[PDB]
Amino acid sequence: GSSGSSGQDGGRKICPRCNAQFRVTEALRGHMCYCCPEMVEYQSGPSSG
Ligand SMILES: [Zn+2]
């Protein structure tokens with residue numbers, strides 16, 4: 001699909017769970033954390049001692 005979306009968005013980011021539509025990386029960050037906390041993975045801590 002080309003006609004319509006004024007300028008295709010790069011790095012099509014879509015939730016592998018609900019499969020919603022997002023524009024900013026912020027919305028996904030949170031929405032995902034809750035919706036699908038599976039993917040959401042980042043080193044926060046504490047670490048192994
Ligand atoms: Zn989702």
# chains A, B, ... in the order shown; residues from 1 in each chain; ligands from 1
>>> select_by_dssp(residues="chain A", states="alpha helix (DSSP H)", output="list in words")
residues 25, 26, 27, 28, 29, 30, 31, 32, 33, 34 and 35 of chain A
>>> residues_near_ligand(ligand="ligand 1", cutoff="7 Å", atoms="only C-alpha atoms and all ligand atoms", output="PDB file with N, CA and C atoms, in the first residue's frame")
ATOM      1  N   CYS A  15       3.592  -3.820  17.348  1.00  0.00           N
ATOM      2  CA  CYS A  15       3.571  -4.753  18.468  1.00  0.00           C
ATOM      3  C   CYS A  15       3.266  -6.169  17.992  1.00  0.00           C
ATOM      4  N   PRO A  16       4.196  -7.098  18.261  1.00  0.00           N
ATOM      5  CA  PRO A  16       4.048  -8.503  17.870  1.00  0.00           C
ATOM      6  C   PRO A  16       2.964  -9.217  18.667  1.00  0.00           C
ATOM      7  N   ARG A  17       2.282  -8.470  19.531  1.00  0.00           N
ATOM      8  CA  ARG A  17       1.219  -9.033  20.355  1.00  0.00           C
ATOM      9  C   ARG A  17      -0.152  -8.591  19.849  1.00  0.00           C
ATOM     10  N   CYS A  18      -0.500  -7.338  20.118  1.00  0.00           N
ATOM     11  CA  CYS A  18      -1.783  -6.793  19.692  1.00  0.00           C
ATOM     12  C   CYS A  18      -1.728  -6.346  18.234  1.00  0.00           C
ATOM     13  N   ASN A  19      -0.546  -5.926  17.794  1.00  0.00           N
ATOM     14  CA  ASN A  19      -0.359  -5.472  16.421  1.00  0.00           C
ATOM     15  C   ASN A  19      -1.066  -4.142  16.186  1.00  0.00           C
ATOM     16  N   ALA A  20      -0.743  -3.153  17.014  1.00  0.00           N
ATOM     17  CA  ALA A  20      -1.344  -1.830  16.895  1.00  0.00           C
ATOM     18  C   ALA A  20      -0.482  -0.909  16.038  1.00  0.00           C
ATOM     19  N   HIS A  31       3.294   1.259  26.208  1.00  0.00           N
ATOM     20  CA  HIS A  31       2.230   0.357  25.783  1.00  0.00           C
ATOM     21  C   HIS A  31       2.702  -1.093  25.817  1.00  0.00           C
ATOM     22  N   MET A  32       3.892  -1.336  25.277  1.00  0.00           N
ATOM     23  CA  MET A  32       4.457  -2.680  25.245  1.00  0.00           C
ATOM     24  C   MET A  32       4.763  -3.174  26.656  1.00  0.00           C
ATOM     25  N   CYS A  35       1.339  -4.059  27.876  1.00  0.00           N
ATOM     26  CA  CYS A  35       0.694  -4.984  26.952  1.00  0.00           C
ATOM     27  C   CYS A  35       1.484  -6.286  26.846  1.00  0.00           C
ATOM     28  N   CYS A  36       2.709  -6.189  26.343  1.00  0.00           N
ATOM     29  CA  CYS A  36       3.567  -7.359  26.189  1.00  0.00           C
ATOM     30  C   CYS A  36       4.940  -7.110  26.804  1.00  0.00           C
TER      31      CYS A  36
END
>>> atom_distance(atom1="CA of residue 9 in chain A", atom2="CA of residue 34 in chain A")
24.2 Å
>>> atom_distance(atom1="CA of residue 25 in chain A", atom2="CA of residue 48 in chain A")
29.6 Å
>>> residues_around(residues="residue 23 in chain A", least_positions_apart="6", cutoff="10 Å", atoms="only C-alpha atoms", output="list in words")
residues 9, 12, 13 and 14 of chain A
>>> atom_distance(atom1="CA of residue 1 in chain A", atom2="CA of residue 29 in chain A")
26.2 Å
